[PDB]
>>> print(open('model20.csv').read())   # CSV, C-alpha atoms and all ligand atoms
chain,number,residue,atom,x,y,z
Q,5,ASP,CA,14.8,-15.1,19.1
Q,6,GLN,CA,16.2,-18.3,17.6
Q,7,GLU,CA,12.7,-19.5,16.3
Q,8,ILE,CA,11.9,-16.5,14.0
Q,9,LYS,CA,14.2,-17.8,11.2
Q,10,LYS,CA,12.8,-21.3,11.7
Q,11,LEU,CA,9.1,-20.2,11.5
Q,12,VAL,CA,9.7,-18.1,8.4
Q,13,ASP,CA,11.4,-21.2,6.7
Q,14,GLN,CA,8.4,-23.4,7.7
Q,15,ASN,CA,5.7,-21.0,6.4
Q,16,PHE,CA,7.2,-18.8,3.6
Q,17,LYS,CA,10.0,-20.9,2.1
Q,18,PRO,CA,7.6,-23.6,0.7
Q,19,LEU,CA,5.9,-20.9,-1.3
Q,20,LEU,CA,8.9,-20.5,-3.7
Q,21,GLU,CA,8.6,-24.1,-5.0
Q,22,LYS,CA,4.8,-24.1,-4.9
Q,23,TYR,CA,4.5,-21.0,-7.1
Q,24,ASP,CA,7.9,-21.1,-8.9
Q,25,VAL,CA,8.9,-17.8,-7.4
Q,26,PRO,CA,12.5,-16.8,-8.0
Q,27,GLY,CA,13.1,-14.4,-5.1
Q,28,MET,CA,11.7,-13.5,-1.7
Q,29,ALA,CA,12.5,-11.3,1.2
Q,30,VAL,CA,10.6,-11.7,4.5
Q,31,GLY,CA,11.2,-9.4,7.4
Q,32,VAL,CA,9.9,-9.6,11.0
Q,33,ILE,CA,10.2,-6.8,13.5
Q,34,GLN,CA,9.6,-7.7,17.2
Q,35,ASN,CA,10.3,-5.7,20.3
Q,36,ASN,CA,12.3,-3.2,18.2
Q,37,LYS,CA,14.6,-5.9,16.8
Q,38,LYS,CA,14.7,-6.5,13.0
Q,39,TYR,CA,15.0,-9.9,11.4
Q,40,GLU,CA,15.8,-10.2,7.6
Q,41,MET,CA,15.2,-13.6,5.8
Q,42,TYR,CA,16.3,-13.8,2.1
Q,43,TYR,CA,15.6,-16.5,-0.5
Q,44,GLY,CA,16.6,-17.1,-4.1
Q,45,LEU,CA,17.3,-14.6,-6.8
Q,46,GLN,CA,16.5,-11.0,-7.7
Q,47,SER,CA,17.5,-11.7,-11.3
Q,48,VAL,CA,17.2,-15.3,-12.7
Q,49,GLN,CA,19.3,-14.5,-15.9
Q,50,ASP,CA,22.1,-12.8,-13.9
Q,51,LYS,CA,22.2,-15.4,-11.1
Q,52,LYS,CA,22.0,-12.5,-8.7
Q,53,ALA,CA,20.9,-13.1,-5.1
Q,54,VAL,CA,18.2,-11.4,-3.1
Q,55,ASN,CA,19.7,-9.3,-0.4
Q,56,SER,CA,19.3,-6.1,1.8
Q,57,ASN,CA,20.0,-3.9,-1.4
Q,58,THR,CA,17.3,-5.6,-3.5
Q,59,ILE,CA,14.6,-3.1,-4.7
Q,60,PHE,CA,11.1,-4.6,-5.3
Q,61,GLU,CA,7.9,-3.0,-6.6
Q,62,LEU,CA,5.4,-2.5,-3.8
Q,63,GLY,CA,2.2,-2.3,-6.0
Q,64,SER,CA,-0.8,-1.1,-3.9
Q,65,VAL,CA,1.3,-1.0,-0.8
Q,66,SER,CA,2.4,2.3,-2.4
Q,67,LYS,CA,-1.1,3.6,-1.3
Q,68,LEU,CA,0.2,3.6,2.3
Q,69,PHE,CA,2.8,6.2,1.4
Q,70,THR,CA,0.1,8.2,-0.5
Q,71,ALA,CA,-2.1,8.1,2.7
Q,72,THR,CA,0.9,9.2,4.9
Q,73,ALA,CA,1.7,12.0,2.5
Q,74,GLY,CA,-1.9,13.2,2.8
Q,75,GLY,CA,-1.8,12.9,6.6
Q,76,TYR,CA,1.3,15.1,6.6
Q,77,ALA,CA,-0.3,17.7,4.4
Q,78,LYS,CA,-3.4,17.8,6.7
Q,79,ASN,CA,-1.3,18.5,9.7
Q,80,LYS,CA,0.8,21.3,8.2
Q,81,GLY,CA,-2.6,23.0,7.4
Q,82,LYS,CA,-2.1,22.6,3.6
Q,83,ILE,CA,-5.4,20.6,3.2
Q,84,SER,CA,-8.5,19.5,5.0
Q,85,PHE,CA,-10.2,16.1,4.3
Q,86,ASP,CA,-13.6,18.0,4.1
Q,87,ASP,CA,-12.1,20.0,1.1
Q,88,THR,CA,-12.9,19.1,-2.6
Q,89,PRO,CA,-10.4,18.6,-5.4
Q,90,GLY,CA,-11.5,21.7,-7.2
Q,91,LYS,CA,-10.0,23.8,-4.5
Q,92,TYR,CA,-6.5,22.6,-5.7
Q,93,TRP,CA,-7.0,21.4,-9.2
Q,94,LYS,CA,-8.7,24.7,-10.5
Q,95,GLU,CA,-9.8,23.1,-13.8
Q,96,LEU,CA,-12.2,20.7,-11.8
Q,97,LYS,CA,-14.2,23.4,-10.0
Q,98,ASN,CA,-17.9,23.3,-10.4
Q,99,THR,CA,-17.8,19.8,-12.2
Q,100,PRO,CA,-19.7,17.0,-10.5
Q,101,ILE,CA,-16.3,15.5,-9.1
Q,102,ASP,CA,-16.0,18.7,-7.1
Q,103,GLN,CA,-18.9,17.5,-4.8
Q,104,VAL,CA,-16.6,14.6,-3.6
Q,105,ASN,CA,-14.3,15.3,-0.5
Q,106,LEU,CA,-10.7,14.3,-0.2
Q,107,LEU,CA,-11.4,11.7,2.4
Q,108,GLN,CA,-14.1,10.1,0.2
Q,109,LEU,CA,-11.6,9.9,-2.7
Q,110,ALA,CA,-8.8,8.4,-0.4
Q,111,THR,CA,-11.2,5.9,0.9
Q,112,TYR,CA,-12.9,4.9,-2.4
Q,113,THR,CA,-16.5,6.2,-1.8
Q,114,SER,CA,-17.1,8.6,-4.7
Q,115,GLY,CA,-19.9,6.2,-5.8
Q,116,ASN,CA,-18.7,6.0,-9.4
Q,117,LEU,CA,-14.9,5.1,-9.7
Q,118,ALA,CA,-13.8,1.8,-11.0
Q,119,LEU,CA,-10.6,-0.3,-10.0
Q,120,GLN,CA,-8.7,1.0,-13.0
Q,121,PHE,CA,-8.8,3.9,-15.5
Q,122,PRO,CA,-9.8,2.8,-19.1
Q,123,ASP,CA,-6.8,1.5,-21.1
Q,124,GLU,CA,-7.2,4.6,-23.4
Q,125,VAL,CA,-6.5,7.1,-20.6
Q,126,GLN,CA,-2.7,7.7,-20.6
Q,127,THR,CA,-1.6,11.4,-20.8
Q,128,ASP,CA,-2.3,14.3,-18.3
Q,129,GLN,CA,-4.9,15.7,-20.7
Q,130,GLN,CA,-6.8,12.4,-20.9
Q,131,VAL,CA,-6.7,12.2,-17.1
Q,132,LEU,CA,-8.1,15.8,-16.7
Q,133,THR,CA,-10.8,15.1,-19.2
Q,134,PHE,CA,-11.7,11.8,-17.5
Q,135,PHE,CA,-12.6,13.7,-14.2
Q,136,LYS,CA,-14.4,16.6,-15.9
Q,137,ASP,CA,-16.9,14.2,-17.6
Q,138,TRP,CA,-17.4,12.3,-14.3
Q,139,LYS,CA,-21.0,11.9,-13.0
Q,140,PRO,CA,-22.3,10.1,-9.9
Q,141,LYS,CA,-24.0,6.7,-9.7
Q,142,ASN,CA,-24.3,5.7,-6.1
Q,143,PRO,CA,-25.0,8.3,-3.3
Q,144,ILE,CA,-21.5,9.8,-2.5
Q,145,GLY,CA,-20.0,8.3,0.6
Q,146,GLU,CA,-22.4,5.4,0.8
Q,147,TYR,CA,-20.5,2.7,-1.4
Q,148,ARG,CA,-17.0,1.5,-1.2
Q,149,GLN,CA,-15.5,0.5,-4.7
Q,150,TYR,CA,-11.7,-0.2,-4.4
Q,151,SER,CA,-10.1,2.2,-7.0
Q,152,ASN,CA,-6.8,3.4,-8.4
Q,153,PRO,CA,-8.2,6.5,-10.0
Q,154,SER,CA,-9.9,7.5,-6.7
Q,155,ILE,CA,-6.8,7.5,-4.4
Q,156,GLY,CA,-4.7,8.6,-7.3
Q,157,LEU,CA,-6.7,11.8,-7.6
Q,158,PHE,CA,-6.3,12.3,-3.8
Q,159,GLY,CA,-2.5,11.9,-4.3
Q,160,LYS,CA,-2.3,14.5,-7.1
Q,161,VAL,CA,-4.4,16.9,-5.0
Q,162,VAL,CA,-2.1,16.4,-2.0
Q,163,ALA,CA,0.9,17.2,-4.2
Q,164,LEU,CA,-0.8,20.3,-5.5
Q,165,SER,CA,-1.3,21.5,-1.9
Q,166,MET,CA,2.4,21.2,-1.3
Q,167,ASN,CA,3.4,22.9,-4.6
Q,168,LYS,CA,5.6,20.0,-5.7
Q,169,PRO,CA,5.0,17.1,-8.1
Q,170,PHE,CA,4.0,13.9,-6.3
Q,171,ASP,CA,7.3,12.1,-6.8
Q,172,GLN,CA,9.2,15.0,-5.1
Q,173,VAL,CA,6.7,15.0,-2.1
Q,174,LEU,CA,7.7,11.3,-1.5
Q,175,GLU,CA,11.4,11.4,-2.5
Q,176,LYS,CA,12.3,14.8,-0.8
Q,177,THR,CA,9.9,15.1,2.1
Q,178,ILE,CA,8.1,11.9,3.1
Q,179,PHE,CA,10.8,9.2,2.6
Q,180,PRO,CA,13.6,11.3,4.3
Q,181,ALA,CA,11.3,12.1,7.3
Q,182,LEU,CA,10.8,8.2,7.7
Q,183,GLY,CA,14.6,7.6,7.5
Q,184,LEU,CA,14.3,5.5,4.3
Q,185,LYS,CA,17.6,5.1,2.4
Q,186,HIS,CA,16.4,3.3,-0.8
Q,187,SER,CA,12.7,3.9,-1.5
Q,188,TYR,CA,11.8,5.5,-4.9
Q,189,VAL,CA,9.1,6.6,-7.2
Q,190,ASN,CA,11.8,6.7,-9.9
Q,191,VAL,CA,14.8,4.4,-9.4
Q,192,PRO,CA,17.9,6.4,-10.2
Q,193,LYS,CA,20.7,5.1,-12.6
Q,194,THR,CA,23.0,4.5,-9.7
Q,195,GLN,CA,20.5,1.9,-8.2
Q,196,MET,CA,19.3,0.1,-11.4
Q,197,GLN,CA,21.7,-2.8,-10.8
Q,198,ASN,CA,19.8,-3.3,-7.4
Q,199,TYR,CA,16.3,-3.3,-9.0
Q,200,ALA,CA,14.9,-6.8,-9.2
Q,201,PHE,CA,13.3,-8.2,-12.3
Q,202,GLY,CA,9.7,-9.1,-11.7
Q,203,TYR,CA,8.4,-12.4,-13.4
Q,204,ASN,CA,5.0,-12.9,-15.0
Q,205,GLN,CA,3.0,-16.2,-15.0
Q,206,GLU,CA,5.1,-17.4,-18.0
Q,207,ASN,CA,8.2,-16.6,-15.9
Q,208,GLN,CA,9.3,-13.8,-18.3
Q,209,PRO,CA,11.3,-10.8,-16.7
Q,210,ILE,CA,9.2,-7.7,-16.5
Q,211,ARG,CA,9.0,-4.4,-14.6
Q,212,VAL,CA,6.1,-2.0,-14.1
Q,213,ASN,CA,4.9,0.1,-17.1
Q,214,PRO,CA,4.2,3.9,-17.0
Q,215,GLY,CA,0.4,4.6,-16.5
Q,216,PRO,CA,-2.0,7.4,-15.4
Q,217,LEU,CA,-1.5,8.5,-11.8
Q,218,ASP,CA,0.7,5.5,-11.3
Q,219,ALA,CA,3.0,6.9,-8.5
Q,220,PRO,CA,0.2,7.4,-5.9
Q,221,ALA,CA,-1.7,4.2,-6.7
Q,222,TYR,CA,1.0,1.6,-7.2
Q,223,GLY,CA,4.3,3.3,-8.1
Q,224,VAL,CA,6.8,3.0,-5.2
Q,225,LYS,CA,9.8,0.7,-5.0
Q,226,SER,CA,11.7,-0.3,-1.8
Q,227,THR,CA,14.0,-2.7,-0.1
Q,228,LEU,CA,13.3,-5.0,2.9
Q,229,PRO,CA,15.3,-2.8,5.4
Q,230,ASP,CA,13.3,0.3,4.3
Q,231,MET,CA,10.0,-1.5,4.6
Q,232,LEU,CA,11.0,-2.8,8.0
Q,233,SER,CA,11.7,0.9,9.0
Q,234,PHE,CA,8.3,1.9,7.7
Q,235,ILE,CA,6.7,-0.8,9.9
Q,236,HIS,CA,8.7,0.4,12.9
Q,237,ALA,CA,7.5,4.0,12.4
Q,238,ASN,CA,3.9,2.6,12.3
Q,239,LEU,CA,4.5,0.5,15.5
Q,240,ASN,CA,6.6,3.1,17.4
Q,241,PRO,CA,6.3,6.6,16.0
Q,242,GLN,CA,7.5,8.5,19.2
Q,243,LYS,CA,11.0,8.4,17.9
Q,244,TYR,CA,10.0,10.3,14.6
Q,245,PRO,CA,9.5,14.0,13.9
Q,246,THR,CA,6.3,15.4,15.2
Q,247,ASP,CA,5.0,16.2,11.6
Q,248,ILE,CA,5.4,12.6,10.5
Q,249,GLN,CA,4.0,11.2,13.8
Q,250,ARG,CA,0.8,13.1,13.2
Q,251,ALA,CA,0.8,11.8,9.6
Q,252,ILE,CA,1.1,8.2,10.8
Q,253,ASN,CA,-1.5,8.7,13.4
Q,254,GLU,CA,-3.9,10.0,10.8
Q,255,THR,CA,-3.4,6.8,8.7
Q,256,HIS,CA,-4.4,4.6,11.7
Q,257,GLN,CA,-7.9,6.2,12.3
Q,258,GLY,CA,-10.7,3.9,11.0
Q,259,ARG,CA,-13.2,5.9,8.9
Q,260,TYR,CA,-16.1,3.4,8.2
Q,261,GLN,CA,-16.6,-0.4,8.1
Q,262,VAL,CA,-17.5,-3.1,5.7
Q,263,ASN,CA,-18.5,-6.0,7.9
Q,264,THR,CA,-15.3,-6.9,9.9
Q,265,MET,CA,-13.0,-4.7,7.9
Q,266,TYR,CA,-12.5,-1.1,9.0
Q,267,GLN,CA,-11.2,1.2,6.3
Q,268,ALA,CA,-8.5,3.6,7.4
Q,269,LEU,CA,-6.3,5.9,5.3
Q,270,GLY,CA,-4.5,3.4,3.1
Q,271,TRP,CA,-4.3,0.7,5.8
Q,272,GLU,CA,-7.0,-1.9,6.4
Q,273,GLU,CA,-7.9,-2.2,10.1
Q,274,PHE,CA,-9.2,-5.1,12.2
Q,275,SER,CA,-10.1,-5.9,15.7
Q,276,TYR,CA,-7.1,-7.8,17.3
Q,277,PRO,CA,-7.0,-10.8,17.5
Q,278,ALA,CA,-8.5,-11.3,14.1
Q,279,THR,CA,-9.6,-14.7,12.9
Q,280,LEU,CA,-7.7,-15.9,9.8
Q,281,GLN,CA,-10.9,-15.8,7.8
Q,282,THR,CA,-11.4,-12.2,8.7
Q,283,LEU,CA,-8.0,-11.3,7.3
Q,284,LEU,CA,-8.7,-13.4,4.2
Q,285,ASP,CA,-12.1,-11.7,3.6
Q,286,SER,CA,-10.5,-8.3,3.1
Q,287,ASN,CA,-8.9,-9.6,-0.1
Q,288,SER,CA,-12.1,-11.5,-1.2
Q,289,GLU,CA,-13.5,-11.0,-4.6
Q,290,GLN,CA,-16.6,-9.4,-2.9
Q,291,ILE,CA,-14.5,-6.7,-1.1
Q,292,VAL,CA,-11.8,-6.0,-3.8
Q,293,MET,CA,-13.9,-6.3,-7.0
Q,294,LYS,CA,-17.5,-5.4,-6.2
Q,295,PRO,CA,-19.2,-2.3,-4.7
Q,296,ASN,CA,-20.2,-2.7,-1.0
Q,297,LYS,CA,-22.4,-0.4,1.0
Q,298,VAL,CA,-20.4,1.0,4.0
Q,299,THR,CA,-21.6,1.5,7.6
Q,300,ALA,CA,-20.4,3.9,10.3
Q,301,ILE,CA,-18.1,2.3,12.9
Q,302,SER,CA,-20.3,0.8,15.6
Q,303,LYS,CA,-17.6,-1.2,17.5
Q,304,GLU,CA,-14.5,0.9,18.1
Q,305,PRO,CA,-12.0,-1.9,18.6
Q,306,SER,CA,-9.8,-1.4,21.7
Q,307,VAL,CA,-6.8,-3.3,20.3
Q,308,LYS,CA,-6.2,-3.0,16.5
Q,309,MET,CA,-4.1,-4.7,13.8
Q,310,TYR,CA,-3.5,-3.3,10.3
Q,311,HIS,CA,-2.6,-4.8,6.9
Q,312,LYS,CA,-2.3,-4.2,3.1
Q,313,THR,CA,-1.4,-6.5,0.2
Q,314,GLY,CA,0.1,-5.1,-3.0
Q,315,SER,CA,0.8,-6.4,-6.5
Q,316,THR,CA,2.1,-5.3,-9.9
Q,317,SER,CA,2.3,-7.8,-12.8
Q,318,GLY,CA,5.7,-9.0,-11.7
Q,319,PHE,CA,5.7,-8.5,-7.9
Q,320,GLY,CA,3.9,-9.4,-4.6
Q,321,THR,CA,3.9,-7.5,-1.3
Q,322,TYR,CA,2.3,-7.9,2.1
Q,323,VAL,CA,2.7,-5.8,5.2
Q,324,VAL,CA,1.0,-6.3,8.6
Q,325,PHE,CA,1.5,-4.8,12.1
Q,326,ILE,CA,0.0,-5.2,15.6
Q,327,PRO,CA,0.8,-2.2,17.9
Q,328,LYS,CA,-0.2,-4.0,21.2
Q,329,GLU,CA,2.3,-6.8,20.4
Q,330,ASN,CA,5.0,-4.4,19.0
Q,331,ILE,CA,5.3,-7.0,16.1
Q,332,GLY,CA,5.1,-6.6,12.3
Q,333,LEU,CA,5.9,-8.5,9.1
Q,334,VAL,CA,6.8,-7.6,5.5
Q,335,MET,CA,6.9,-10.0,2.6
Q,336,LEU,CA,8.3,-9.1,-0.8
Q,337,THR,CA,8.3,-11.4,-3.9
Q,338,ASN,CA,9.4,-10.9,-7.5
Q,339,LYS,CA,6.5,-13.0,-8.7
Q,340,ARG,CA,2.8,-12.7,-7.6
Q,341,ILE,CA,1.4,-15.4,-5.3
Q,342,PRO,CA,-2.2,-15.6,-4.2
Q,343,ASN,CA,-3.1,-13.0,-1.5
Q,344,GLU,CA,-4.5,-15.7,0.7
Q,345,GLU,CA,-1.2,-17.4,0.9
Q,346,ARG,CA,0.6,-14.2,1.9
Q,347,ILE,CA,-2.0,-13.6,4.6
Q,348,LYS,CA,-2.0,-17.1,6.0
Q,349,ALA,CA,1.8,-17.5,6.2
Q,350,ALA,CA,2.0,-14.2,8.1
Q,351,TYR,CA,-0.8,-15.3,10.4
Q,352,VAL,CA,1.0,-18.5,11.4
Q,353,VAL,CA,4.3,-16.7,12.0
Q,354,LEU,CA,3.0,-13.7,14.1
Q,355,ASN,CA,0.8,-16.0,16.2
Q,356,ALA,CA,3.7,-18.5,16.8
Q,357,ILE,CA,5.9,-15.7,18.2
Q,358,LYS,CA,3.3,-14.4,20.8
Q,401,LIG,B1,-3.2,-3.3,-5.6
Q,401,LIG,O1,-4.3,-3.5,-4.7
Q,401,LIG,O2,-2.0,-4.2,-5.3
Q,401,LIG,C1,-3.6,-3.2,-7.2
Q,401,LIG,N1,-2.5,-3.2,-8.1
Q,401,LIG,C2,-2.6,-2.6,-9.3
Q,401,LIG,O3,-3.7,-2.2,-9.8
Q,401,LIG,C3,-1.3,-2.5,-10.1
Q,401,LIG,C4,-1.4,-3.6,-11.2
Q,401,LIG,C5,-1.5,-3.6,-12.5
Q,401,LIG,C6,-1.6,-4.9,-13.1
Q,401,LIG,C7,-1.7,-6.0,-12.2
Q,401,LIG,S1,-1.6,-5.3,-10.6
Q,401,LIG,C8,-4.5,-4.4,-7.4
Q,401,LIG,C9,-4.0,-5.7,-7.1
Q,401,LIG,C10,-4.8,-6.8,-7.2
Q,401,LIG,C11,-4.3,-8.2,-7.0
Q,401,LIG,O4,-5.0,-9.0,-6.3
Q,401,LIG,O5,-3.2,-8.5,-7.4
Q,401,LIG,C12,-6.2,-6.6,-7.6
Q,401,LIG,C13,-6.7,-5.3,-7.8
Q,401,LIG,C14,-5.8,-4.2,-7.7
>>> encode(input="model20.csv", output="structure tokens", more="lines below")
Ligand SMILES: *[B]([O])([O])[C]([N]C(=O)[C]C1=[C][C]=[C]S1)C1=[C]C(C([O])=O)=[C][C]=[C]1
Amino acid sequence: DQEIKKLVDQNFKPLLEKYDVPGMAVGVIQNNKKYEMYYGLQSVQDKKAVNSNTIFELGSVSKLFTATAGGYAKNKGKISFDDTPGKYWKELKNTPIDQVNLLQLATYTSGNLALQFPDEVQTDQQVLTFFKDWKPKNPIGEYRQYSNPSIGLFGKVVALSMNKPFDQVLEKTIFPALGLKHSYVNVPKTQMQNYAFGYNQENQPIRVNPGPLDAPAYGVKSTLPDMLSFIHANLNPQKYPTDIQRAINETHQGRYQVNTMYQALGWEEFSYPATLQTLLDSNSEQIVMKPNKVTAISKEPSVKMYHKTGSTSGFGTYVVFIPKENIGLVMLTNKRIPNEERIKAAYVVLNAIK
């Protein structure tokens, strides 16, 4: 359709001037047809354009891949979401963390895990020691606190269950099964020329730094085509291997609610159609930064939509999809813009189409 380009230009393009963003890639998939819109530069200093080879950091959108990896492991019988991490990380047995189940970790309800590890935690030993000393605060399962260490520990345990380091689970099993050609935990030499610079608030060129359990929490890099294939698989998984179909399905099941937000595995779920403010509320300070007491799902929505924002210091991402409309959108920038702007522009676009 000849209006998709026009709508993306009206709603996403103004954001480059407004936030002084060097480079953007916006993708729409509708009725199994992909549209790729590219703006500006992957590297300011090299005068290099954004294109279908441009590799961006996904930030917390990496969590969706962690969730899928976990779904895949559940369905090959390598793990159960009622398990505890001590069953795979031997050294955590019988510590208080070994009362938390894998689901509770993946969905941020351990009752005492913060957004980030302390700056001081860096090596594997410091990570191990962090979880050994862990003690509860809220009743386990009762409180959602959005957390890198929580899902990161899930990710490490999933990898353990598959006897392979986490980067190899994604690069050798999960990415290939999704048909992705250029998605990485570690960007190889051969593709470094395609890796965008990110840009901080002082417009300095930056890329993500090493950190503890970074890969499963925020550590994947991808292109617009690949992310459009990931959305397709989410929208239309029948074409994909059975294994990966079951994984995908697992990531769509809502597990509990926080007001109008349903927490699935990695993805955030809403009743469709969702009001704009519903979508904005999921990225509110109250939801992202503060603990919130969860409830069981009462209303099981009949028609669902799903989203997830992601950031690193130099990059913004947003991904959204609506199965009932066979439509989805992906936005990638090499500078952060406010989450509310990403959400609102996608809302206007996806409603305008149908
Ligand atoms: B995620 O939800 O995108 C997550 N990102 C990270 O923790 C990785 C980063 C390190 C430094 C800056 S981001 C995250 C993102 C945000 C946000 O609004 O950008 C807030 C909390 C966690």
>>> residues_near_point(input="model20.csv", point="(12.9, -13.3, -16.0)", cutoff="9 Å", atoms="only C-alpha atoms", output="compact mmCIF listing (two decimals) with C-alpha atoms, in the coordinates of the input")
# COMPACT_ATOMS: atom_id res chain seq x y z
CA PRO Q 26 12.50 -16.80 -8.00
CA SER Q 47 17.50 -11.70 -11.30
CA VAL Q 48 17.20 -15.30 -12.70
CA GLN Q 49 19.30 -14.50 -15.90
CA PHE Q 201 13.30 -8.20 -12.30
CA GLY Q 202 9.70 -9.10 -11.70
CA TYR Q 203 8.40 -12.40 -13.40
CA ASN Q 204 5.00 -12.90 -15.00
CA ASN Q 207 8.20 -16.60 -15.90
CA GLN Q 208 9.30 -13.80 -18.30
CA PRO Q 209 11.30 -10.80 -16.70
CA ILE Q 210 9.20 -7.70 -16.50
>>> closest_residue(input="model20.csv", among="Q:117, Q:62, Q:132, Q:336", to="ligand LIG 401 (chain Q)", atoms="all atoms listed in the file")
Q:62
>>> atom_distance(input="model20.csv", atom1="atom CA of residue Q:337", atom2="atom CA of residue Q:185")
20.0 Å
>>> atom_distance(input="model20.csv", atom1="atom CA of residue Q:335", atom2="atom CA of residue Q:25")
12.8 Å
>>> residues_near_ligand(input="model20.csv", ligand="ligand LIG 401 (chain Q)", cutoff="9 Å", atoms="all atoms listed in the file", output="JSON, numbers by chain")
{"Q": [62, 63, 64, 65, 66, 67, 119, 120, 150, 151, 152, 212, 213, 218, 221, 222, 223, 287, 289, 292, 293, 312, 313, 314, 315, 316, 317, 318, 319, 320, 321, 340, 341, 342, 343]}
>>> atom_distance(input="model20.csv", atom1="atom CA of residue Q:272", atom2="atom CA of residue Q:242")
22.0 Å
>>> residues_around(input="model20.csv", residues="residue Q:142", least_positions_apart="3", cutoff="8 Å", atoms="only C-alpha atoms", output="short mmCIF file (atom, residue, chain, number, x, y, z; two decimals) with C-alpha atoms, in the frame of the given file")
data_model
loop_
_atom_site.label_atom_id
_atom_site.label_comp_id
_atom_site.auth_asym_id
_atom_site.auth_seq_id
_atom_site.Cartn_x
_atom_site.Cartn_y
_atom_site.Cartn_z
CA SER Q 114 -17.10 8.60 -4.70
CA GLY Q 115 -19.90 6.20 -5.80
CA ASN Q 116 -18.70 6.00 -9.40
CA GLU Q 146 -22.40 5.40 0.80
CA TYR Q 147 -20.50 2.70 -1.40
#
>>> closest_residue(input="model20.csv", among="Q:91, Q:136, Q:225, Q:250", to="residue Q:58", atoms="all atoms listed in the file")
Q:225
>>> residues_around(input="model20.csv", residues="residue Q:9", least_positions_apart="3", cutoff="8 Å", atoms="all atoms listed in the file", output="PyMOL selection string")
chain Q and resi 6+12-13+39+41
>>> closest_residue(input="model20.csv", among="Q:165, Q:179, Q:251, Q:241", to="residue Q:82", atoms="only C-alpha atoms")
Q:165
